Every structure is written in C-alpha cells, then in structure tokens.
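Coordinates from my_file-v3.tsv are shown below (TSV, C-alpha atoms and all ligand atoms).
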chain	number	residue	atom	x	y	z
G	4	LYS	CA	-47.73	1.09	8.46
G	5	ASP	CA	-45.84	-2.26	8.03
G	6	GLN	CA	-46.36	-1.47	4.31
G	7	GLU	CA	-44.41	1.80	4.73
G	8	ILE	CA	-41.08	0.16	5.69
G	9	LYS	CA	-40.36	-0.73	2.08
G	10	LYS	CA	-41.36	2.77	0.87
G	11	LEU	CA	-39.17	4.49	3.51
G	12	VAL	CA	-36.13	2.41	2.54
G	13	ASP	CA	-36.75	3.18	-1.16
G	14	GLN	CA	-37.04	6.96	-0.35
G	15	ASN	CA	-33.85	7.16	1.73
G	16	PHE	CA	-31.46	4.36	0.73
G	17	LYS	CA	-32.21	3.79	-2.99
G	18	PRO	CA	-31.04	7.25	-4.20
G	19	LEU	CA	-27.60	6.58	-2.73
G	20	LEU	CA	-26.93	3.93	-5.45
G	21	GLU	CA	-27.22	6.51	-8.29
G	22	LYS	CA	-25.62	9.31	-6.30
G	23	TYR	CA	-22.51	7.21	-5.41
G	24	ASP	CA	-22.61	4.75	-8.39
G	25	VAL	CA	-22.93	1.76	-5.98
G	26	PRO	CA	-23.48	-1.57	-7.66
G	27	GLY	CA	-25.29	-3.45	-4.88
G	28	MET	CA	-27.08	-2.79	-1.58
G	29	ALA	CA	-28.91	-4.75	1.07
G	30	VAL	CA	-30.88	-2.88	3.70
G	31	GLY	CA	-32.62	-4.70	6.55
G	32	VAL	CA	-34.94	-3.38	9.24
G	33	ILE	CA	-36.11	-5.34	12.21
G	34	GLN	CA	-39.16	-4.24	14.12
G	35	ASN	CA	-41.05	-5.99	16.96
G	36	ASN	CA	-39.33	-9.24	16.04
G	37	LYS	CA	-40.44	-8.94	12.39
G	38	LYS	CA	-37.68	-8.75	9.70
G	39	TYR	CA	-37.73	-6.71	6.47
G	40	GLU	CA	-35.08	-7.33	3.74
G	41	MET	CA	-34.64	-4.82	0.87
G	42	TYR	CA	-32.16	-5.73	-1.89
G	43	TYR	CA	-30.83	-3.46	-4.65
G	44	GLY	CA	-28.63	-3.87	-7.69
G	45	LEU	CA	-25.84	-6.40	-8.22
G	46	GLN	CA	-23.44	-8.32	-6.12
G	47	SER	CA	-21.20	-8.57	-9.19
G	48	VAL	CA	-21.34	-6.17	-12.09
G	49	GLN	CA	-19.35	-8.34	-14.56
G	50	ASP	CA	-21.51	-11.45	-13.79
G	51	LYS	CA	-24.87	-9.52	-13.71
G	52	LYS	CA	-25.60	-11.39	-10.49
G	53	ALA	CA	-28.33	-9.91	-8.25
G	54	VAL	CA	-27.99	-8.90	-4.57
G	55	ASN	CA	-30.13	-11.34	-2.54
G	56	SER	CA	-30.30	-13.04	0.82
G	57	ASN	CA	-27.33	-15.33	0.01
G	58	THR	CA	-25.09	-12.44	-0.89
G	59	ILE	CA	-21.98	-12.22	1.35
G	60	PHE	CA	-20.54	-8.79	2.06
G	61	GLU	CA	-17.37	-7.70	3.93
G	62	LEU	CA	-18.38	-6.02	7.24
G	63	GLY	CA	-15.14	-4.16	7.87
G	64	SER	CA	-15.04	-2.65	11.36
G	65	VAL	CA	-18.47	-4.04	12.13
G	66	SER	CA	-16.33	-7.16	12.63
G	67	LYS	CA	-15.20	-5.51	15.93
G	68	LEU	CA	-18.73	-6.18	17.24
G	69	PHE	CA	-18.08	-9.88	16.93
G	70	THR	CA	-14.72	-9.54	18.59
G	71	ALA	CA	-16.30	-7.60	21.45
G	72	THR	CA	-18.93	-10.35	21.71
G	73	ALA	CA	-16.23	-12.99	21.82
G	74	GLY	CA	-14.56	-10.94	24.64
G	75	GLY	CA	-17.85	-10.76	26.61
G	76	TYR	CA	-18.37	-14.48	26.17
G	77	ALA	CA	-14.81	-15.25	27.40
G	78	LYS	CA	-15.23	-12.89	30.42
G	79	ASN	CA	-18.42	-14.57	31.51
G	80	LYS	CA	-17.01	-18.12	31.07
G	81	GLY	CA	-14.23	-16.96	33.51
G	82	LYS	CA	-11.50	-17.31	30.83
G	83	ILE	CA	-10.43	-13.68	31.10
G	84	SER	CA	-10.93	-10.69	33.26
G	85	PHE	CA	-11.00	-7.15	31.77
G	86	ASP	CA	-8.54	-6.13	34.50
G	87	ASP	CA	-5.96	-8.63	33.17
G	88	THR	CA	-3.10	-7.60	30.93
G	89	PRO	CA	-2.12	-9.25	27.67
G	90	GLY	CA	1.11	-10.78	29.06
G	91	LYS	CA	-0.98	-13.13	31.16
G	92	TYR	CA	-2.18	-14.79	27.93
G	93	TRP	CA	0.55	-14.01	25.39
G	94	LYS	CA	3.58	-15.15	27.53
G	95	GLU	CA	6.03	-13.35	25.27
G	96	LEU	CA	4.52	-9.95	26.28
G	97	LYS	CA	4.87	-10.45	30.11
G	98	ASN	CA	6.72	-7.66	31.91
G	99	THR	CA	6.81	-5.51	28.70
G	100	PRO	CA	5.43	-1.97	28.69
G	101	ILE	CA	2.25	-3.10	26.76
G	102	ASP	CA	1.57	-5.49	29.70
G	103	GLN	CA	0.58	-2.43	31.78
G	104	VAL	CA	-2.43	-2.00	29.45
G	105	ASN	CA	-5.46	-4.04	30.58
G	106	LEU	CA	-7.82	-5.89	28.24
G	107	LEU	CA	-10.60	-3.39	28.50
G	108	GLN	CA	-8.20	-0.58	27.55
G	109	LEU	CA	-7.04	-2.51	24.48
G	110	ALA	CA	-10.66	-3.30	23.53
G	111	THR	CA	-11.70	0.30	23.95
G	112	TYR	CA	-8.67	2.00	22.28
G	113	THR	CA	-7.13	3.72	25.36
G	114	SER	CA	-3.63	2.32	25.55
G	115	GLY	CA	-2.54	5.91	24.72
G	116	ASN	CA	-0.11	4.99	22.00
G	117	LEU	CA	-1.79	2.97	19.22
G	118	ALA	CA	-2.74	4.40	15.86
G	119	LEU	CA	-5.49	3.37	13.41
G	120	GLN	CA	-3.30	0.93	11.53
G	121	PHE	CA	-0.22	-1.09	12.10
G	122	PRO	CA	2.78	0.22	9.97
G	123	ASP	CA	2.70	-1.23	6.39
G	124	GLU	CA	6.02	-3.06	7.01
G	125	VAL	CA	4.29	-5.00	9.89
G	126	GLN	CA	2.82	-8.17	8.31
G	127	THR	CA	4.11	-11.52	9.70
G	128	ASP	CA	3.42	-13.21	13.05
G	129	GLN	CA	6.94	-12.21	14.21
G	130	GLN	CA	6.65	-8.50	13.14
G	131	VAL	CA	3.35	-8.28	15.04
G	132	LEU	CA	4.96	-9.69	18.23
G	133	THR	CA	8.05	-7.48	17.72
G	134	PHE	CA	5.85	-4.38	17.38
G	135	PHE	CA	4.06	-5.14	20.70
G	136	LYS	CA	7.38	-5.91	22.50
G	137	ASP	CA	8.94	-2.64	21.32
G	138	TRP	CA	5.77	-0.74	22.33
G	139	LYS	CA	6.20	2.06	24.81
G	140	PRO	CA	3.58	4.44	26.26
G	141	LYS	CA	2.86	8.00	25.16
G	142	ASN	CA	-0.34	9.43	26.66
G	143	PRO	CA	-1.27	8.34	30.20
G	144	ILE	CA	-2.69	4.79	29.89
G	145	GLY	CA	-6.44	4.78	29.86
G	146	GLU	CA	-6.91	8.49	29.38
G	147	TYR	CA	-6.85	8.95	25.56
G	148	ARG	CA	-9.03	7.26	22.95
G	149	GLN	CA	-7.53	6.70	19.55
G	150	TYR	CA	-9.55	4.42	17.28
G	151	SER	CA	-7.22	1.53	16.50
G	152	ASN	CA	-7.05	-1.77	14.65
G	153	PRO	CA	-4.01	-3.05	16.46
G	154	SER	CA	-5.50	-2.34	19.99
G	155	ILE	CA	-8.74	-4.35	19.52
G	156	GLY	CA	-6.83	-6.80	17.28
G	157	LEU	CA	-4.57	-7.71	20.22
G	158	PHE	CA	-7.59	-7.93	22.49
G	159	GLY	CA	-9.00	-10.34	19.95
G	160	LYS	CA	-5.83	-12.43	19.88
G	161	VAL	CA	-5.75	-12.58	23.68
G	162	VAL	CA	-9.38	-13.71	23.75
G	163	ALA	CA	-8.51	-16.53	21.34
G	164	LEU	CA	-5.55	-17.51	23.51
G	165	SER	CA	-7.77	-17.58	26.61
G	166	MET	CA	-10.05	-19.89	24.64
G	167	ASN	CA	-7.19	-22.09	23.31
G	168	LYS	CA	-8.31	-21.83	19.70
G	169	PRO	CA	-7.32	-19.47	16.94
G	170	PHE	CA	-9.56	-16.41	16.56
G	171	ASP	CA	-11.23	-17.54	13.33
G	172	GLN	CA	-12.35	-20.81	15.04
G	173	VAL	CA	-13.59	-18.86	18.10
G	174	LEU	CA	-16.11	-17.06	15.83
G	175	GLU	CA	-16.94	-19.79	13.32
G	176	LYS	CA	-17.13	-22.71	15.88
G	177	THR	CA	-18.45	-20.91	19.02
G	178	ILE	CA	-19.72	-17.39	18.58
G	179	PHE	CA	-21.49	-17.59	15.18
G	180	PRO	CA	-23.34	-20.85	16.08
G	181	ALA	CA	-24.44	-19.48	19.49
G	182	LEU	CA	-26.05	-16.47	17.67
G	183	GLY	CA	-27.89	-18.63	15.08
G	184	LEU	CA	-25.75	-17.34	12.19
G	185	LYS	CA	-25.70	-19.60	9.10
G	186	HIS	CA	-23.55	-17.59	6.62
G	187	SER	CA	-20.99	-15.59	8.53
G	188	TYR	CA	-17.31	-16.28	8.17
G	189	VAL	CA	-13.89	-15.05	8.82
G	190	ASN	CA	-12.87	-17.32	5.82
G	191	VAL	CA	-15.53	-17.75	3.14
G	192	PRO	CA	-15.44	-21.43	2.20
G	193	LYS	CA	-15.01	-22.79	-1.35
G	194	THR	CA	-18.73	-23.73	-1.57
G	195	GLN	CA	-19.89	-20.17	-0.79
G	196	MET	CA	-17.45	-18.31	-3.05
G	197	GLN	CA	-20.14	-17.81	-5.74
G	198	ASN	CA	-22.16	-15.94	-3.01
G	199	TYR	CA	-19.37	-13.48	-2.13
G	200	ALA	CA	-19.88	-10.08	-3.68
G	201	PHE	CA	-17.12	-8.19	-5.36
G	202	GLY	CA	-16.40	-4.91	-3.66
G	203	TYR	CA	-15.86	-1.87	-5.86
G	204	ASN	CA	-13.28	0.83	-5.26
G	205	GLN	CA	-13.49	4.51	-6.00
G	206	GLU	CA	-12.59	3.81	-9.66
G	207	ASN	CA	-15.37	1.09	-9.76
G	208	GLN	CA	-12.85	-1.76	-10.03
G	209	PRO	CA	-13.93	-5.03	-8.39
G	210	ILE	CA	-11.79	-5.86	-5.35
G	211	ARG	CA	-11.77	-7.83	-2.15
G	212	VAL	CA	-10.22	-7.39	1.25
G	213	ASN	CA	-6.44	-7.91	1.56
G	214	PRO	CA	-4.61	-9.95	4.25
G	215	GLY	CA	-3.10	-7.89	7.05
G	216	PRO	CA	-1.79	-8.37	10.60
G	217	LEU	CA	-4.66	-9.34	13.01
G	218	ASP	CA	-7.24	-8.65	10.28
G	219	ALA	CA	-9.87	-11.11	11.53
G	220	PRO	CA	-10.55	-9.45	14.93
G	221	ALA	CA	-10.29	-5.95	13.54
G	222	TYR	CA	-12.07	-6.07	10.14
G	223	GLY	CA	-12.23	-9.58	8.76
G	224	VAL	CA	-15.83	-10.86	9.06
G	225	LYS	CA	-18.16	-11.40	6.11
G	226	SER	CA	-21.89	-11.91	6.43
G	227	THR	CA	-25.29	-11.82	4.69
G	228	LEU	CA	-28.22	-9.45	5.38
G	229	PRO	CA	-30.31	-12.14	7.16
G	230	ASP	CA	-27.39	-13.06	9.46
G	231	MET	CA	-26.74	-9.44	10.36
G	232	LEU	CA	-30.45	-9.04	11.06
G	233	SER	CA	-30.28	-12.02	13.41
G	234	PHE	CA	-27.29	-10.40	15.14
G	235	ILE	CA	-29.30	-7.19	15.66
G	236	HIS	CA	-32.18	-9.36	16.94
G	237	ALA	CA	-29.83	-10.98	19.43
G	238	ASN	CA	-28.85	-7.54	20.57
G	239	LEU	CA	-32.38	-6.24	20.82
G	240	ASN	CA	-33.88	-9.41	22.36
G	241	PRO	CA	-31.23	-11.63	23.89
G	242	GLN	CA	-33.59	-13.55	26.30
G	243	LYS	CA	-34.12	-16.19	23.61
G	244	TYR	CA	-30.40	-16.95	23.31
G	245	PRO	CA	-28.24	-19.25	25.38
G	246	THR	CA	-27.38	-17.74	28.79
G	247	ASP	CA	-23.64	-17.61	27.82
G	248	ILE	CA	-24.10	-15.56	24.66
G	249	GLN	CA	-26.71	-13.43	26.51
G	250	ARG	CA	-24.16	-12.37	29.09
G	251	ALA	CA	-21.64	-11.75	26.27
G	252	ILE	CA	-24.14	-9.55	24.47
G	253	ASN	CA	-24.98	-7.65	27.65
G	254	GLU	CA	-21.32	-7.09	28.28
G	255	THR	CA	-21.00	-5.32	24.84
G	256	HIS	CA	-23.79	-2.90	25.77
G	257	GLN	CA	-22.10	-1.48	28.92
G	258	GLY	CA	-20.61	1.99	28.20
G	259	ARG	CA	-17.11	2.24	29.61
G	260	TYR	CA	-16.39	5.95	29.16
G	261	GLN	CA	-17.68	9.09	27.24
G	262	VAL	CA	-16.29	11.43	24.62
G	263	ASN	CA	-18.88	14.23	24.99
G	264	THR	CA	-22.12	12.81	23.55
G	265	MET	CA	-20.56	9.45	22.43
G	266	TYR	CA	-20.16	6.60	24.89
G	267	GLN	CA	-17.70	3.86	24.08
G	268	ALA	CA	-19.12	0.43	24.85
G	269	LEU	CA	-17.36	-2.82	23.84
G	270	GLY	CA	-17.32	-2.58	20.00
G	271	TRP	CA	-20.49	-0.53	19.84
G	272	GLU	CA	-20.83	3.17	20.22
G	273	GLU	CA	-23.63	4.14	22.63
G	274	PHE	CA	-25.78	7.29	22.76
G	275	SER	CA	-28.63	8.66	24.70
G	276	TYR	CA	-31.89	8.02	22.83
G	277	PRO	CA	-33.32	9.92	21.17
G	278	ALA	CA	-30.01	11.15	19.69
G	279	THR	CA	-29.93	14.16	17.51
G	280	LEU	CA	-28.81	13.59	13.90
G	281	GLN	CA	-25.70	15.68	14.58
G	282	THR	CA	-24.74	13.52	17.59
G	283	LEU	CA	-24.85	10.40	15.37
G	284	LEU	CA	-22.97	12.19	12.55
G	285	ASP	CA	-20.28	13.69	14.81
G	286	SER	CA	-19.53	10.23	16.25
G	287	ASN	CA	-17.57	9.34	13.12
G	288	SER	CA	-16.08	12.83	12.59
G	289	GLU	CA	-12.37	13.19	11.61
G	290	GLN	CA	-11.69	14.37	15.19
G	291	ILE	CA	-13.24	11.27	16.83
G	292	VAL	CA	-12.08	8.57	14.35
G	293	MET	CA	-8.68	9.97	13.24
G	294	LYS	CA	-7.10	11.78	16.34
G	295	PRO	CA	-6.51	11.16	20.08
G	296	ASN	CA	-9.24	12.48	22.33
G	297	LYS	CA	-9.09	12.66	26.10
G	298	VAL	CA	-12.04	10.67	27.52
G	299	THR	CA	-14.02	11.27	30.73
G	300	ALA	CA	-15.84	8.93	33.07
G	301	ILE	CA	-19.48	8.43	32.23
G	302	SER	CA	-21.27	11.34	33.93
G	303	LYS	CA	-24.75	11.07	32.46
G	304	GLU	CA	-25.66	7.41	32.37
G	305	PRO	CA	-28.25	7.18	29.58
G	306	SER	CA	-31.54	5.58	30.74
G	307	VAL	CA	-32.70	4.82	27.18
G	308	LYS	CA	-29.82	3.84	24.96
G	309	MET	CA	-29.15	3.46	21.25
G	310	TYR	CA	-26.11	1.82	19.66
G	311	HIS	CA	-24.40	2.09	16.26
G	312	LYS	CA	-21.32	1.02	14.33
G	313	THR	CA	-19.94	1.88	10.88
G	314	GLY	CA	-17.61	-0.37	8.89
G	315	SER	CA	-15.62	-0.02	5.68
G	316	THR	CA	-13.17	-1.98	3.68
G	317	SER	CA	-11.79	-0.56	0.41
G	318	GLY	CA	-14.72	-2.03	-1.54
G	319	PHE	CA	-17.57	-2.26	1.07
G	320	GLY	CA	-19.69	-0.10	3.38
G	321	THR	CA	-21.63	-1.30	6.42
G	322	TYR	CA	-23.87	0.48	9.03
G	323	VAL	CA	-25.64	-1.16	11.93
G	324	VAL	CA	-27.90	0.55	14.44
G	325	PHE	CA	-30.39	-0.61	17.11
G	326	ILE	CA	-32.62	1.00	19.83
G	327	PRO	CA	-33.73	-1.45	22.57
G	328	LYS	CA	-36.75	0.48	23.87
G	329	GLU	CA	-38.21	0.86	20.39
G	330	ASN	CA	-37.42	-2.79	19.53
G	331	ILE	CA	-36.07	-1.59	16.19
G	332	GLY	CA	-32.87	-1.81	14.24
G	333	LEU	CA	-31.33	-1.39	10.79
G	334	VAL	CA	-28.51	-2.87	8.73
G	335	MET	CA	-27.09	-1.45	5.55
G	336	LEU	CA	-24.54	-3.35	3.46
G	337	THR	CA	-23.12	-1.93	0.22
G	338	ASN	CA	-20.44	-3.24	-2.10
G	339	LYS	CA	-19.03	0.26	-2.61
G	340	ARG	CA	-17.92	2.55	0.20
G	341	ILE	CA	-20.25	5.57	0.62
G	342	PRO	CA	-19.71	8.43	3.14
G	343	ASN	CA	-20.57	7.41	6.71
G	344	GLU	CA	-22.78	10.54	7.00
G	345	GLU	CA	-25.05	9.22	4.26
G	346	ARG	CA	-25.58	5.88	5.88
G	347	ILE	CA	-26.20	7.50	9.25
G	348	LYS	CA	-28.61	10.10	7.87
G	349	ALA	CA	-30.61	7.57	5.86
G	350	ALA	CA	-30.97	5.23	8.85
G	351	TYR	CA	-32.04	8.19	11.05
G	352	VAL	CA	-34.92	9.15	8.78
G	353	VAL	CA	-36.16	5.59	8.41
G	354	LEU	CA	-36.01	4.63	12.12
G	355	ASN	CA	-37.59	7.95	13.16
G	356	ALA	CA	-40.34	7.52	10.56
G	357	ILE	CA	-41.39	4.05	11.78
G	358	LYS	CA	-41.75	5.26	15.47
G	401	LIG	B1	-13.30	0.12	10.25
G	401	LIG	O1	-14.06	-0.24	8.96
G	401	LIG	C1	-11.73	0.17	9.90
G	401	LIG	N1	-11.53	1.04	8.72
G	401	LIG	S1	-9.97	1.08	8.22
G	401	LIG	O2	-9.85	2.43	7.72
G	401	LIG	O3	-9.03	0.84	9.29
G	401	LIG	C2	-9.69	0.00	7.04
G	401	LIG	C3	-9.23	-1.31	7.34
G	401	LIG	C4	-9.00	-2.24	6.30
G	401	LIG	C5	-9.17	-1.87	4.98
G	401	LIG	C6	-8.94	-2.82	3.83
G	401	LIG	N2	-8.00	-3.78	3.97
G	401	LIG	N3	-7.93	-4.61	2.82
G	401	LIG	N4	-8.92	-4.07	1.98
G	401	LIG	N5	-9.55	-2.96	2.63
G	401	LIG	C7	-9.62	-0.57	4.68
G	401	LIG	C8	-9.88	0.36	5.69
G	401	LIG	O4	-13.67	1.37	10.87
G	401	LIG	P1	-14.57	2.49	10.18
G	401	LIG	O5	-16.06	2.24	10.13
G	401	LIG	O6	-14.08	2.72	8.77
G	401	LIG	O7	-14.47	3.77	10.99
Using structure tokens, write down the structure from this file.
Ligand SMILES: *[B@]([O])([C][N]S(=O)(=O)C1=[C][C]=C(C2=NN=N[N]2)[C]=[C]1)OP([O])([O])=O
Amino acid sequence: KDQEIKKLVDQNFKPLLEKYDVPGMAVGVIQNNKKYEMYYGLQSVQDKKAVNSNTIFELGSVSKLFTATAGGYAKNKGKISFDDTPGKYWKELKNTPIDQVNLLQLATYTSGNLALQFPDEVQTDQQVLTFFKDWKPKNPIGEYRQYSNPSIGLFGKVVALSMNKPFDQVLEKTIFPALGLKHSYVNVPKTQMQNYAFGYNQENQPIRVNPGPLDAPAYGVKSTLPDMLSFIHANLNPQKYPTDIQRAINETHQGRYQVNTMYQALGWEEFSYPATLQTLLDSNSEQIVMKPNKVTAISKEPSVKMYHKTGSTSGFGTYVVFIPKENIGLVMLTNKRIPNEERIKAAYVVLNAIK
C-alpha cells in the first residue's frame, strides 16, 4: 500500500501535464512521517533541465502561510498582540483610519475596504505609505472578508517592524531556520539561480515573478518540494520543533471566523474533515476569492480539521493540504498555472485513496 502512493500520483497528477501543457511538476505526499517525492518534466524547457529535489518554484499565495507563521511566532514572543493596530508599529499610521483595523483583521482580510491588489500606480515605499494614510473604511470593520494582498502584506510589514528586521530577514534568518528549511527564500541567491525554474505563462513563454509593493509577505517565497514537505510535517507534527515555532504553528491553525463551510485561520483555510470535494472546490470560487463576503462567528467548531491553501503567480501553481488526524498531507508545485479545481480534485482523490 506504500507502493500505491506513486501509482495514485501518476493516475491523478500526471495527466494534468498533457492536458494543460505544463512543463514541470513536483508532487509530494507525507504519510506517518514518511515522505514521497514525485517529479515530472522540466524545470526549464529551453535548457532541457529536469525537475528534481533541488528545483526551486515560486509559491505565490502559499507565501501567506509563512507570513502567518511569522505573525504567530511574533505573537508568542510577546512582540505583537492581534488586538493591536498597525499604527503602534508603523508610527506614520497612528491615529489614521487604518489604525482602527487590528492585526488579526489585516491578517484575515476583514478591514472592509481592501481589494485583491494594490492599484498598479502604487509601487514605491512612499506610495505604499500614502495609500494606507489615505485609506478610509467602507464595510463595517471586521465584518466582510475580501481576499487581499495589501491587507496581509501590511500585517507582514508590521510583524517585521515588531521584530526590528526587514520581512525578508525575518523569514530567511528566523522562520525558515526554525522549520528546518534548507532551500526556501524570499530572494534566491546567486549560487542557487541555476536551481530556479522558469515559470511559463498561458502562451508558454518562460517568466518569473515581478517586483511589487509588499510582495514578499503576500506572494514572494520560493521553495523546493522537500522544504515544502518539511513545512507540512511541521504542521502535522510540531512536537519535534522548537517550542517557539510550535506555538507559531498552532496559532496558524486556529480558525477565526467562517464563511459557510470555509473557516479562515491565519493563512490557511480550515474545513471540517472529512470535507466533501465540493466544499474544497467552492473555497476558491469566484465568489469567495474575488468579492466581499459577510463572515459569521464560528458556530460549528470542527473537531477533526483539515487545512489547505492554493497559490499562483503568472508562471507557477502551488497547492498544499494536510489532515492532522490522518497524519497525511500533499504538496503540488507546477511551473505553469493550472485551474485550482484540478489541483484540489487531484489531491482529494489521492489523499482519500491512501486512507
Ligand atoms: B495568491 O497566489 C495571489 N494571487 S494573485 O492573483 O494576487 C497574484 C499575485 C501576483 C502575481 C504575479 N506577480 N508577478 N508575477 N506574477 C500574480 C497573481 O492567491 P491565489 O491562490 O491565486 O488565490
């Protein structure tokens, strides 16, 4: 039955490469503290270079899981409180309307007036500040979820301030080493550049992620399959990790509110396990991801939880899912974006099939 993991991944993930003309894929499963790595295709088409365990992929919004973790770590070191407001850490925002939004609300997208992206004209340090100064409320604060790069991006920048280090150094010098990660970066160094995949766009042109305002906390991490698998292992089995990072991790698992069947935890999305396929699919529906939705308090506290997160940049897809009580998880990394539904559906069949 260990011998079936490979066959399951070939049945469910492998056809997506022909169907979506994807150059390269890495799929990892972890089960009962045993890791399985499946690699497909090429990290770079023009160089005929294979996907392998050194291959670095862009994680996109799976990056928000690291930001959430950095938030949990800073809360439990007493550097921040989730009841604080950003003006306490970014002086220049004190007494402004955005300083009525607390850090949890920023992290969990409920400021009530923040869209998916910054405006394209917002780019520099000063334009970012200016944007947050000029910010004014729209929906009642804390009542409306709209998925948002600037919201969690500011939470990220506040966490770095509370730690007196820029955000990239928070991850690379504190958070990634505490998790045992060897090849995860906000900035891929010179000596690893030959391991960094090209991404491929919808016209199969090789591309990489562009700079943008507060990109690191929102979508700027790159990692390998083994690293991601270690991250899922941390999440599934955090007793082995330093106390500090354990408390951080636990903090990311606590659901804060519900949108019907989807609970919003810190970074992660949480569901009752077992979740139906449609529950997992509808979590990244146009309605949930693209438009405001009024949240409610958690009514049904799930006893057995599962967690997932999707991520995309223009050239890369990512999906990450784990279920504590089954001691199982999966990671998919592609260097071409494929529909979220496909990633979700393939992971559902594999994880169900293994028990
Ligand atoms: B995350 O992956 C955020 N998705 S996004 O639509 O906001 C997005 C951010 C950044 C890029 C990009 N910048 N430079 N190159 N590519 C593209 C898209 O959430 P998710 O999983 O997509 O819902």
Restrict the calculation to all atoms listed in the file, then for each residue of chain G with any atom at most 9 Å from an atom of ligand LIG 401 (chain G) give the closest atom pair and their distance in Å to one decimal, rows by chain and rising residue number, as a tab-separated table.
residue	atom	partner	partner_atom	distance
G:62	CA	G:LIG401	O1	7.4
G:63	CA	G:LIG401	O1	4.2
G:64	CA	G:LIG401	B1	3.5
G:65	CA	G:LIG401	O1	6.6
G:66	CA	G:LIG401	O1	8.2
G:67	CA	G:LIG401	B1	8.2
G:119	CA	G:LIG401	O3	6.0
G:120	CA	G:LIG401	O3	6.2
G:150	CA	G:LIG401	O7	8.0
G:151	CA	G:LIG401	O3	7.5
G:152	CA	G:LIG401	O3	6.3
G:210	CA	G:LIG401	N4	8.1
G:211	CA	G:LIG401	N4	6.3
G:212	CA	G:LIG401	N4	3.6
G:213	CA	G:LIG401	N3	3.8
G:214	CA	G:LIG401	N3	6.4
G:215	CA	G:LIG401	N2	7.1
G:218	CA	G:LIG401	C4	7.7
G:221	CA	G:LIG401	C1	7.3
G:222	CA	G:LIG401	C3	6.2
G:223	CA	G:LIG401	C4	8.4
G:287	CA	G:LIG401	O7	6.7
G:292	CA	G:LIG401	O7	6.3
G:293	CA	G:LIG401	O7	8.8
G:312	CA	G:LIG401	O5	6.8
G:313	CA	G:LIG401	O5	4.0
G:314	CA	G:LIG401	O5	3.3
G:315	CA	G:LIG401	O1	3.6
G:316	CA	G:LIG401	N5	3.9
G:317	CA	G:LIG401	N5	4.0
G:318	CA	G:LIG401	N5	6.7
G:319	CA	G:LIG401	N5	8.2
G:320	CA	G:LIG401	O1	7.9
G:321	CA	G:LIG401	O5	7.6
G:322	CA	G:LIG401	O5	8.1
G:343	CA	G:LIG401	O5	7.7
May I ask for the distance between CA of residue 197 in chain G and CA of residue 345 in chain G, given in Å to one decimal place?
29.2 Å
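With only C-alpha atoms as the atoms that count, the minimum distance from residue 36 in chain G to the choices G:307, G:353, G:278, G:331 is reached by G:331.
The space between CA of residue 154 in chain G and CA of residue 110 in chain G spans 6.3 Å.
Among the candidates G:34, G:285, G:267, G:90, the residue lying nearest to residue 327 in chain G is G:34 (atoms considered: all atoms listed in the file).
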At a cut-off of 12 Å, using all atoms listed in the file, what residues contact range 164-170 of chain G? Leave out same-chain residues fewer than 5 positions from it and give the result as a PyMOL selection string.
chain G and resi 69-70+73-74+76-78+80-84+87-94+106+156-159+175-178+188-190+217-221+223-224
Excluding same-chain residues fewer than 5 positions from range 257-264 of chain G, what lies within 12 Å of it counting all atoms listed in the file, as a PyMOL selection string?
chain G and resi 71-72+75+85+107-108+110-113+145-149+250-252+269-287+290-292+295-306+308-310
Please indicate the distance in Å from CA of residue 86 in chain G to CA of residue 163 in chain G, rounded to one decimal place.
16.8 Å
Need the shell around residue 179 in chain G: protein/DNA/RNA residues with any atom at most 10 Å away, counting only C-alpha atoms. Skip same-chain ones fewer than 5 positions apart. Format as a PyMOL selection string?
chain G and resi 69+73+172-174+184-188+230+234
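In terms of minimum interatomic distance to residue 351 in chain G, G:311 ranks closest within G:339, G:311, G:130, G:56, counting all atoms listed in the file.
Distance check against residue 52 in chain G using only C-alpha atoms: of G:137, G:123, G:13, G:27, the minimum falls on G:27.
When only C-alpha atoms are used to compute distances to residue 17 in chain G, the closest of the residues G:60, G:202, G:37, G:43 turns out to be G:43.
The residue that comes closest to residue 14 in chain G, out of G:356, G:289, G:325, G:198 and on the basis of all atoms listed in the file, is G:356.
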